[PDB]
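Take a look at this single chain, the form deposited in one PDB entry, given in structure tokens.
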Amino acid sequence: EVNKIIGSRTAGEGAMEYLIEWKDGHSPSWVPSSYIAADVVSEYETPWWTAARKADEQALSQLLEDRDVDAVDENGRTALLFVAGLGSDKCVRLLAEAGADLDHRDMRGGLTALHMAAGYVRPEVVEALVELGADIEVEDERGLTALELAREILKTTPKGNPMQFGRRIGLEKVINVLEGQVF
């Protein structure tokens, strides 16, 4: 009686739940992802997690419809975290418009979009996030905010070194952006 997945939503934590279209003709149900066959689930999710990684603006755009925008993988990441991490100002603003939860914390460390944009040193994204209204005071599972984490990474980057000198200017700008919110 499983015809296809025609929707999704997250449940509890790191756990998907899908809307089922039955062939035999009854009402659509919601089911725990583990109730249905793996390769059914896979063909549904795989496009999303592919696009998220390639930070593909338009794929994401059409895949949006009945899918939950904050669909989470097994580590509690959503496509917003991946795209923040890759620097796609666009994919961030797209997912933002669609209604993605800016303050989402993953479960392998408590990280958020901002922590990722700061971590992978993504100044433009950090700007977009603050501007779209992300909460900059949110803390990761070490208590560190996004800002503190830039500070912490910066400290440990070799100072009089011509090779890591690029990241240096990078981290500074991240910090410029965020501090302009606190002070």
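If you superpose the two forms and keep the largest set of C-alpha atoms that fall within 1.5 Å, you have the rigid core. One rule holds for the numbers: they count along the sequence shown, beginning at 1.
For the pair 154-162 and 27-35, the mean Cα B-factor is higher in 154-162. Per the PDB entry, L60 shows the highest C-alpha temperature factor of the residues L149, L60, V130, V121. In the PDB entry, a CA B factor belonging to the highest third of its chain's modelled residues is recorded for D56. Annotation for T145: CA B-factor lies in the lowest third of the chain's modelled residues.
When the modelled residues of the chain are ordered by C-alpha B-factor, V41 sits in the highest third. For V174, the recorded CA B-factor ranks within the lowest third of the chain. Only modelled residues enter the ranking. Ranked within its chain, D66 lands in the highest third, by CA B factor from the PDB record.
Separately, the form deposited in another entry exists; it is not shown, and the next lines address it.
After superposing the rigid core, the Cα of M163 is displaced by 2 Å or more between the shown form and the other one.
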